[PDB]
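Presented below is the structure to which this report refers.
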Protein chains: 2
Amino acid sequence: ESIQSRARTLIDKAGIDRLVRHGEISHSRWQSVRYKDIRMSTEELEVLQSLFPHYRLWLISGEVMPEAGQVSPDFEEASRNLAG
Amino acid sequence: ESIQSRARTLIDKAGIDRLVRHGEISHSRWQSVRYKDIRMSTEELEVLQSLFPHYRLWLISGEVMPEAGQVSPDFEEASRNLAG
């Protein structure tokens, strides 16, 4: 729905511990942007896009392009469900 | 090179007047994120990515995928120059 909401989905998917281990941003800052009604900055996106390169197009725009390796959590879940 | 710096490049490309007409963000807020040493939020990125869809992957990551339609201002300039 928004870049912010997609970013929050990825915070949950990674878990904040993994983000703290893979960037310079603190647990308290991650917790604040995840759960408090505050803006999320490009600094948080830096960590998320580096950790999830196959989610880059979706994170910034909500679009996917599977042929180019650009997918999303929901696309991957739908694929697994249809496979089952 | 950061998301913030690429975003500022696109602020200059569009011009703040045009950005104000294409989103809910104020002229003053655009001037602040462009010219003050403050963080830029995903709310500004919303306007930039919607206005520059061909620059989405580059905005979030610095990477291009020209075969997938994902380029950058500098890549287009290099293409213009090489074409000559």
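A note on labels: chains of the structure tokens are A, B, ... as shown, every chain counts residues from 1, and ligands are counted from 1 in their shown order.
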Provide as a ChimeraX atom specification the residues of chain A at most 7 Å from chain B, counting only C-alpha atoms.
/A:3-4,39-42,49,56-57,60-61,68
Superimpose chain A on chain B so that the squared distances between all in-order C-alpha pairs are minimised, and send the result as a PDB file with C-alpha atoms, in the first residue's frame.
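Full text of selection-v2.pdb as output:
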ATOM      1  CA  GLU A   1      25.887   7.076  -3.696  1.00  0.00           C
ATOM      2  CA  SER A   2      22.874   6.926  -1.357  1.00  0.00           C
ATOM      3  CA  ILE A   3      19.115   6.740  -1.766  1.00  0.00           C
ATOM      4  CA  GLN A   4      19.013  10.290  -0.398  1.00  0.00           C
ATOM      5  CA  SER A   5      21.493  11.614  -2.959  1.00  0.00           C
ATOM      6  CA  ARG A   6      19.694   9.906  -5.855  1.00  0.00           C
ATOM      7  CA  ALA A   7      16.413  11.348  -4.590  1.00  0.00           C
ATOM      8  CA  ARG A   8      17.971  14.830  -4.521  1.00  0.00           C
ATOM      9  CA  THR A   9      19.091  14.378  -8.120  1.00  0.00           C
ATOM     10  CA  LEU A  10      15.470  13.604  -9.038  1.00  0.00           C
ATOM     11  CA  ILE A  11      14.140  16.586  -7.077  1.00  0.00           C
ATOM     12  CA  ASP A  12      16.353  18.768  -9.265  1.00  0.00           C
ATOM     13  CA  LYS A  13      15.385  16.907 -12.440  1.00  0.00           C
ATOM     14  CA  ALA A  14      11.661  17.329 -11.784  1.00  0.00           C
ATOM     15  CA  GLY A  15      11.880  20.706 -10.076  1.00  0.00           C
ATOM     16  CA  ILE A  16      10.040  21.246  -6.800  1.00  0.00           C
ATOM     17  CA  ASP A  17       7.048  22.895  -8.513  1.00  0.00           C
ATOM     18  CA  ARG A  18       6.297  19.670 -10.407  1.00  0.00           C
ATOM     19  CA  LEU A  19       6.575  17.666  -7.168  1.00  0.00           C
ATOM     20  CA  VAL A  20       4.193  20.058  -5.388  1.00  0.00           C
ATOM     21  CA  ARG A  21       1.747  19.664  -8.276  1.00  0.00           C
ATOM     22  CA  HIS A  22       2.022  15.847  -8.210  1.00  0.00           C
ATOM     23  CA  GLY A  23       1.878  15.179  -4.482  1.00  0.00           C
ATOM     24  CA  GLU A  24       0.665  16.475  -1.130  1.00  0.00           C
ATOM     25  CA  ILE A  25       4.092  17.525   0.198  1.00  0.00           C
ATOM     26  CA  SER A  26       4.781  21.251   0.488  1.00  0.00           C
ATOM     27  CA  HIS A  27       7.444  23.358  -1.172  1.00  0.00           C
ATOM     28  CA  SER A  28       8.985  24.071   2.241  1.00  0.00           C
ATOM     29  CA  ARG A  29       9.309  20.379   3.062  1.00  0.00           C
ATOM     30  CA  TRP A  30      10.801  19.596  -0.359  1.00  0.00           C
ATOM     31  CA  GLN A  31      13.220  22.498  -0.048  1.00  0.00           C
ATOM     32  CA  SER A  32      14.258  21.310   3.410  1.00  0.00           C
ATOM     33  CA  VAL A  33      15.001  17.714   2.413  1.00  0.00           C
ATOM     34  CA  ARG A  34      16.735  18.909  -0.772  1.00  0.00           C
ATOM     35  CA  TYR A  35      19.038  21.533   0.712  1.00  0.00           C
ATOM     36  CA  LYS A  36      19.209  21.058   4.483  1.00  0.00           C
ATOM     37  CA  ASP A  37      21.160  18.368   6.315  1.00  0.00           C
ATOM     38  CA  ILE A  38      18.097  16.410   7.369  1.00  0.00           C
ATOM     39  CA  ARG A  39      16.845  12.920   6.669  1.00  0.00           C
ATOM     40  CA  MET A  40      14.594  12.222   3.733  1.00  0.00           C
ATOM     41  CA  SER A  41      11.528  10.134   4.451  1.00  0.00           C
ATOM     42  CA  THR A  42       9.687   7.455   2.542  1.00  0.00           C
ATOM     43  CA  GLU A  43       6.894  10.007   1.965  1.00  0.00           C
ATOM     44  CA  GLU A  44       9.146  11.965  -0.383  1.00  0.00           C
ATOM     45  CA  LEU A  45      10.167   8.750  -2.116  1.00  0.00           C
ATOM     46  CA  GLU A  46       6.469   8.012  -2.729  1.00  0.00           C
ATOM     47  CA  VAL A  47       6.169  11.075  -4.940  1.00  0.00           C
ATOM     48  CA  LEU A  48       9.471  10.553  -6.741  1.00  0.00           C
ATOM     49  CA  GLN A  49       8.920   6.867  -7.513  1.00  0.00           C
ATOM     50  CA  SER A  50       5.393   7.552  -8.809  1.00  0.00           C
ATOM     51  CA  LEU A  51       6.652  10.352 -11.086  1.00  0.00           C
ATOM     52  CA  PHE A  52       9.714   8.412 -12.308  1.00  0.00           C
ATOM     53  CA  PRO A  53       8.690   4.743 -12.545  1.00  0.00           C
ATOM     54  CA  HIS A  54      11.577   3.939 -14.911  1.00  0.00           C
ATOM     55  CA  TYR A  55      13.985   5.076 -12.160  1.00  0.00           C
ATOM     56  CA  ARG A  56      12.532   2.843  -9.417  1.00  0.00           C
ATOM     57  CA  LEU A  57      15.276   0.214  -9.160  1.00  0.00           C
ATOM     58  CA  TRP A  58      17.996   2.859  -9.392  1.00  0.00           C
ATOM     59  CA  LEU A  59      16.407   5.120  -6.784  1.00  0.00           C
ATOM     60  CA  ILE A  60      16.192   2.389  -4.164  1.00  0.00           C
ATOM     61  CA  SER A  61      19.481   0.620  -4.970  1.00  0.00           C
ATOM     62  CA  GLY A  62      21.644   2.428  -7.521  1.00  0.00           C
ATOM     63  CA  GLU A  63      21.261  -0.494  -9.932  1.00  0.00           C
ATOM     64  CA  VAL A  64      19.844  -0.378 -13.442  1.00  0.00           C
ATOM     65  CA  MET A  65      18.327  -3.070 -15.647  1.00  0.00           C
ATOM     66  CA  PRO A  66      17.734  -1.539 -19.091  1.00  0.00           C
ATOM     67  CA  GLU A  67      16.195  -4.752 -20.456  1.00  0.00           C
ATOM     68  CA  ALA A  68      13.398  -4.366 -17.874  1.00  0.00           C
ATOM     69  CA  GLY A  69      12.852  -0.662 -18.522  1.00  0.00           C
ATOM     70  CA  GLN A  70      14.773   0.330 -15.380  1.00  0.00           C
ATOM     71  CA  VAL A  71      17.374   3.036 -16.049  1.00  0.00           C
ATOM     72  CA  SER A  72      18.776   6.187 -14.417  1.00  0.00           C
ATOM     73  CA  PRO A  73      19.506   9.817 -15.299  1.00  0.00           C
ATOM     74  CA  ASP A  74      23.202   8.993 -15.741  1.00  0.00           C
ATOM     75  CA  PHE A  75      22.465   5.937 -17.886  1.00  0.00           C
ATOM     76  CA  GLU A  76      20.176   7.978 -20.137  1.00  0.00           C
ATOM     77  CA  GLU A  77      22.761  10.768 -20.396  1.00  0.00           C
ATOM     78  CA  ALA A  78      25.524   8.275 -21.233  1.00  0.00           C
ATOM     79  CA  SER A  79      23.327   6.758 -23.923  1.00  0.00           C
ATOM     80  CA  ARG A  80      22.672  10.164 -25.473  1.00  0.00           C
ATOM     81  CA  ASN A  81      26.373  11.044 -25.386  1.00  0.00           C
ATOM     82  CA  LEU A  82      27.465   7.773 -26.985  1.00  0.00           C
ATOM     83  CA  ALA A  83      24.757   8.231 -29.622  1.00  0.00           C
ATOM     84  CA  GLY A  84      26.152  11.675 -30.433  1.00  0.00           C
TER      85      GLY A  84
END
Extract the full set of alpha helix (DSSP H) residues from segment 19-83 of chain B according to DSSP on the backbone, and format it as JSON, numbers by chain.
{"B": [19, 20, 21, 27, 28, 29, 30, 31, 32, 33, 34, 35, 42, 43, 44, 45, 46, 47, 48, 49, 50, 51, 56, 57, 58, 59, 60, 61, 73, 74, 75, 76, 77, 78, 79, 80, 81, 82, 83]}
Same residues, N, CA, C and O atoms, output as a short mmCIF file (atom, residue, chain, number, x, y, z; two decimals), in the first residue's frame:
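That gives us again-v5.cif:
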data_model
loop_
_atom_site.label_atom_id
_atom_site.label_comp_id
_atom_site.auth_asym_id
_atom_site.auth_seq_id
_atom_site.Cartn_x
_atom_site.Cartn_y
_atom_site.Cartn_z
N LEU B 19 6.99 18.89 -8.25
CA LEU B 19 6.74 17.91 -7.20
C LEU B 19 5.53 18.28 -6.36
O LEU B 19 4.74 17.41 -5.98
N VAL B 20 5.39 19.57 -6.05
CA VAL B 20 4.25 20.04 -5.26
C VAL B 20 2.94 19.76 -5.97
O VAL B 20 1.93 19.43 -5.33
N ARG B 21 2.91 19.91 -7.30
CA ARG B 21 1.69 19.61 -8.04
C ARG B 21 1.41 18.12 -8.13
O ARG B 21 0.28 17.73 -8.42
N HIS B 27 5.87 22.68 -0.57
CA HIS B 27 7.09 23.29 -1.09
C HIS B 27 8.14 23.41 0.01
O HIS B 27 9.31 23.08 -0.20
N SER B 28 7.72 23.85 1.21
CA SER B 28 8.67 24.00 2.31
C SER B 28 9.30 22.67 2.69
O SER B 28 10.50 22.60 2.98
N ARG B 29 8.50 21.60 2.73
CA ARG B 29 9.06 20.30 3.10
C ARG B 29 10.07 19.83 2.06
O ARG B 29 11.15 19.33 2.41
N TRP B 30 9.75 20.01 0.77
CA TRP B 30 10.70 19.65 -0.28
C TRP B 30 12.00 20.44 -0.14
O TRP B 30 13.09 19.87 -0.25
N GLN B 31 11.90 21.76 0.10
CA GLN B 31 13.10 22.57 0.27
C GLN B 31 13.93 22.07 1.45
O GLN B 31 15.17 22.07 1.40
N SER B 32 13.27 21.67 2.54
CA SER B 32 13.99 21.21 3.72
C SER B 32 14.76 19.92 3.44
O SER B 32 15.95 19.83 3.76
N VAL B 33 14.11 18.91 2.84
CA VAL B 33 14.83 17.66 2.61
C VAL B 33 15.90 17.85 1.54
O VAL B 33 16.90 17.14 1.52
N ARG B 34 15.70 18.81 0.63
CA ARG B 34 16.70 19.02 -0.41
C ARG B 34 17.92 19.78 0.12
O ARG B 34 19.05 19.45 -0.24
N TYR B 35 17.72 20.79 0.97
CA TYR B 35 18.80 21.71 1.30
C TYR B 35 19.23 21.72 2.76
O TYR B 35 20.23 22.38 3.08
N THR B 42 10.20 8.14 3.41
CA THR B 42 9.60 7.40 2.31
C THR B 42 8.45 8.18 1.68
O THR B 42 8.09 7.90 0.53
N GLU B 43 7.89 9.17 2.38
CA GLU B 43 6.81 9.98 1.82
C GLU B 43 7.30 10.80 0.63
O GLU B 43 6.60 10.94 -0.37
N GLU B 44 8.52 11.34 0.73
CA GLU B 44 9.09 12.01 -0.43
C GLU B 44 9.39 11.01 -1.54
O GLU B 44 9.12 11.28 -2.72
N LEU B 45 9.90 9.83 -1.19
CA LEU B 45 10.17 8.85 -2.23
C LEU B 45 8.91 8.46 -2.98
O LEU B 45 8.99 8.11 -4.17
N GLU B 46 7.75 8.46 -2.31
CA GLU B 46 6.50 8.10 -2.99
C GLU B 46 6.29 8.96 -4.23
O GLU B 46 5.96 8.45 -5.31
N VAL B 47 6.46 10.27 -4.08
CA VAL B 47 6.25 11.20 -5.18
C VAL B 47 7.30 10.98 -6.26
O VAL B 47 6.99 10.97 -7.45
N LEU B 48 8.55 10.80 -5.85
CA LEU B 48 9.61 10.66 -6.85
C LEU B 48 9.45 9.38 -7.66
O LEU B 48 9.60 9.40 -8.88
N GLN B 49 9.15 8.26 -7.00
CA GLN B 49 9.06 7.00 -7.74
C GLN B 49 7.85 6.98 -8.66
O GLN B 49 7.90 6.39 -9.74
N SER B 50 6.76 7.65 -8.26
CA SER B 50 5.57 7.70 -9.11
C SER B 50 5.79 8.60 -10.32
O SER B 50 5.24 8.33 -11.39
N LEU B 51 6.59 9.65 -10.17
CA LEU B 51 6.88 10.57 -11.26
C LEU B 51 7.94 10.03 -12.21
O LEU B 51 7.90 10.33 -13.41
N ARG B 56 12.97 3.61 -10.89
CA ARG B 56 12.60 3.02 -9.61
C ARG B 56 13.74 2.19 -9.02
O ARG B 56 14.16 2.41 -7.88
N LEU B 57 14.23 1.21 -9.78
CA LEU B 57 15.30 0.36 -9.28
C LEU B 57 16.53 1.19 -8.93
O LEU B 57 17.16 0.96 -7.89
N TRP B 58 16.87 2.16 -9.77
CA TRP B 58 18.04 2.99 -9.49
C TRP B 58 17.84 3.82 -8.23
O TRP B 58 18.76 3.97 -7.42
N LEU B 59 16.64 4.39 -8.05
CA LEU B 59 16.40 5.22 -6.88
C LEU B 59 16.67 4.44 -5.60
O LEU B 59 17.40 4.91 -4.72
N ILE B 60 16.12 3.23 -5.49
CA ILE B 60 16.22 2.46 -4.25
C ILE B 60 17.58 1.80 -4.08
O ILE B 60 18.00 1.55 -2.94
N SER B 61 18.32 1.53 -5.16
CA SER B 61 19.52 0.71 -5.04
C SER B 61 20.76 1.23 -5.74
O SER B 61 21.86 0.71 -5.46
N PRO B 73 19.06 8.75 -14.84
CA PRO B 73 19.43 9.92 -15.64
C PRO B 73 20.79 9.79 -16.31
O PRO B 73 20.92 10.07 -17.51
N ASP B 74 21.80 9.34 -15.57
CA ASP B 74 23.15 9.24 -16.12
C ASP B 74 23.23 8.17 -17.20
O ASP B 74 23.98 8.32 -18.17
N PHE B 75 22.53 7.05 -17.00
CA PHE B 75 22.52 6.00 -18.02
C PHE B 75 21.88 6.52 -19.31
O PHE B 75 22.38 6.25 -20.41
N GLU B 76 20.78 7.27 -19.19
CA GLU B 76 20.17 7.84 -20.39
C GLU B 76 21.10 8.85 -21.05
O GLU B 76 21.18 8.91 -22.28
N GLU B 77 21.81 9.66 -20.26
CA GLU B 77 22.75 10.61 -20.84
C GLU B 77 23.88 9.88 -21.56
O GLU B 77 24.26 10.27 -22.67
N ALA B 78 24.43 8.83 -20.95
CA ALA B 78 25.47 8.05 -21.61
C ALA B 78 24.95 7.41 -22.89
O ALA B 78 25.67 7.32 -23.89
N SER B 79 23.68 6.99 -22.89
CA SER B 79 23.11 6.39 -24.10
C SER B 79 22.96 7.43 -25.20
O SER B 79 23.31 7.18 -26.36
N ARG B 80 22.44 8.61 -24.85
CA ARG B 80 22.38 9.71 -25.81
C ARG B 80 23.76 9.99 -26.39
O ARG B 80 23.93 10.17 -27.60
N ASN B 81 24.77 10.07 -25.52
CA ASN B 81 26.11 10.42 -25.97
C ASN B 81 26.68 9.33 -26.87
O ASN B 81 27.25 9.63 -27.93
N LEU B 82 26.55 8.07 -26.47
CA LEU B 82 27.05 6.99 -27.31
C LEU B 82 26.32 6.95 -28.65
O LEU B 82 26.95 6.72 -29.69
N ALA B 83 25.01 7.18 -28.65
CA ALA B 83 24.25 7.20 -29.90
C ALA B 83 24.83 8.22 -30.87
O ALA B 83 24.78 8.01 -32.09
#
